[PDB]
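Here the structure is laid out as structure tokens; the discussion comes afterwards.
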Amino acid sequence: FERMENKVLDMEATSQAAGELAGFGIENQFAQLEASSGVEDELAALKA
Amino acid sequence: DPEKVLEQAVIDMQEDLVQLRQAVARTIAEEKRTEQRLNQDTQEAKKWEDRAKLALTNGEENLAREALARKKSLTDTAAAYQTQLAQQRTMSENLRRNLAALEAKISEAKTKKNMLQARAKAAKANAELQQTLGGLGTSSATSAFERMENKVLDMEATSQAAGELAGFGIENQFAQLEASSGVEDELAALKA
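Top line first, the protein sequences correspond to chains A and B.
Take any residue in the first sequence, count from 1 to its spot, add 102: that is its number in our numbering.
Take any residue in the second sequence, count from 1 to its spot, add 578: that is its number in our numbering.
What follows is the structure, encoded as structure tokens:
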């Protein structure tokens, strides 16, 4: 049970390890997405 | 591999509870048998006493005391086995709780192990998806797109390269065409 649990912990770590890389470099790009996101919020104010 | 080991442990527990069920049968077999012994024994004691009581009035008195000694000896055997019976009873209910305790252990282990596998397997799948999504074609699709885009830029350059030569030498000739072009403009002035 412990052996296979160790494998679970390993894969768990490896899965969040993909997340570890994913977070550190796309912020540059994401900020541009958020600017665009703000634009439709302004359109909501317009329909009001 | 841990997957294989883990379900093997579940399988082991199924063997274990069967082994304990037959062990229960073994202990209970002795309860039944030891009831049977006491039941016999109590009869035997009475029976030879009965022979002895009549033997008191009839012929040999002395012989009856022998029968009583045998009776009494056997009574001691019965009492000794009554001692053993106590050990049986006590051991039996101990074993009953021990099965129930194991049954709880098995039940929990099985439910735990199942949700353990499921939630782990779900988590890795989510991770695999986030990885493949996260890859974003950054080392494959975009690189292939770029390769063919480089070919586009090459051909684009080559196409304007034909234009590069075309512009530098025909001016000589074009000027003559333009002079002729001016002539029809003068004809337009004439029609006016």
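Don't be surprised by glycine CBs; every beta carbon is placed ideally from N, CA and C.
For the stretch 107-132 of chain A, the set of positions with a beta-carbon nearer than 8 Å to some beta-carbon of chain B reads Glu107, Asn108, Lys109, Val110, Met113, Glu114, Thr116, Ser117, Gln118, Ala120, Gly121, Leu123, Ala124 in chain order.
A Cβ-Cβ distance of about 7 Å is found for the pair B:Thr612 and B:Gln662, placing them in contact under the 8 Å criterion. With contacts defined by Cβ atoms closer than 8 Å, B:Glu581 and A:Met106 form a contacting pair. The beta carbon of B:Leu641 sits closer than 7 Å to the beta carbons of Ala633 from its chain, once the five residues preceding and following it are set aside; these are given in chain order.
B:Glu608 places its beta carbon 8 Å or farther from that of B:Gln695.
Collapsing the DSSP output to three states places A:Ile128 in coil. Against B:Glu581, the close residues of chain A are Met106, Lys109, in the order they occur along the chain (beta-carbon pairs closer than 9 Å). For B:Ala698, the nearest CB of chain A lies under 8 Å from its own CB, placing it at the interface with that chain.
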